[PDB]
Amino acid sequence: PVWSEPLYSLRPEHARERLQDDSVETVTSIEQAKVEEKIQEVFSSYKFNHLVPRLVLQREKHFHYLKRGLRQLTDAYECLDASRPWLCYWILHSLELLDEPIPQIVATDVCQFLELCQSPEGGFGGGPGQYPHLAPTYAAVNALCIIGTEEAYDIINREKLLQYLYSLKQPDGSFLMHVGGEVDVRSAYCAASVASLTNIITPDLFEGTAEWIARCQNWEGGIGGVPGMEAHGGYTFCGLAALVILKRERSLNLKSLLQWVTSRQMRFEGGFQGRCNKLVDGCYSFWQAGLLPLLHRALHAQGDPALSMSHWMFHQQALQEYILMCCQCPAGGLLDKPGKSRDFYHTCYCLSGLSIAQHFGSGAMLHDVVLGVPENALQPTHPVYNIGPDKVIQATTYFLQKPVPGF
């Protein structure tokens, strides 16, 4: 019947997926067991014997939470005073995913604010008068593209932005996060993302970058912040996404990467962990699961005859079950895991991940899997930039009509 929908996480065999600690306890297994015990309780609260009501994404609650945060915030957000463009991006992207229109007045106000965050040396800082930094620069550019008006597009000082990127480029192909700052894979992604969207890529800008990123892939198959470091979903997403933009995916061992990321989905919780033997977390619904559409495209470009034409290579239903049942705050907003407090970062990435899990697309093939009530369907998101695909095409088309600064 349409009013009952069996869930993967509620199958009787699912209990067999509980952690097996081999009777050898360590801090790792103890923490993992604690999370699993809590998640089972949540899972059980959605089952009424053979009656299993369709899952519901609390759209309206999330919408009101987001709308409020776009204007004001309590001093509890003082810790993010150097990341305000991020707040703009997370909120605007969440509203975009929820197909909630952004009032023209709000759009113009965001544009004006981001203009105040833009540095005369190029790039954007975390707030008015702050030094530019690749993280908020990435967020600001994405936010402006989500608004997608010529007003928004023109705020970006493309000439100075390119010079700024040059001012951060290292001889080994890596980029500093900011002047006198540190280097890790996030910088390469932030730079490639904003440079490709605004059409300011030069032949030497990313010279050596692809090779440097490949050195960050480790024995695990995933990618670490810098060569030698442990593989993490955050850095792995940045690394592969950057290579996709540079069309150098083949610089990596795509086989070891594929096996690594698919292994990061938790057999019991259904969500993804950030690194082997650590905990499940709703935001990895994007950072990790987002790697599959990227890998799909990369393998497809190579002519892989075994690729699916209907599903991503991860359990799409299980991820949707984890997000919908365990990552929604009753009062609106989403989060890491049950027991944690809501925040705009997790709201953005949990929703971004839910969208990826619902929509498969390759070539002329489209196959949707919207778990729960049909209204749960979110707008699609681009796996590389994490803003609507429509927004990507519109921005790239616009900026492609302008020349690369100083050629």
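Throughout, we count residues from 1 along the sequence that is shown.
The stretch 331-339 shows the higher mean C-alpha B-factor when 331-339 is compared against 255-263 in the entry. Just going by the entry, 71-79 versus 209-217 on mean CA temperature factor gives the higher value to 71-79. When the C-alpha B-factors of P103, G125, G270, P227 are read from the PDB record, the largest value belongs to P103. Highest CA B-factor among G222, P305, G274, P293, as stated in the entry: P305.
Among the modelled residues of its chain, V384 has a C-alpha B-factor that falls in the lowest third, as given in the PDB entry.
In the deposited entry, the Cα temperature factor of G353 sits in the bottom third of values across the chain's modelled residues. In the PDB entry, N199 places in the middle third of its chain by CA B-factor. Sorting the modelled residues of the chain by their CA temperature factor places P136 in the lowest third. Among all modelled residues in its chain, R158 ranks in the middle third by Cα B-factor.
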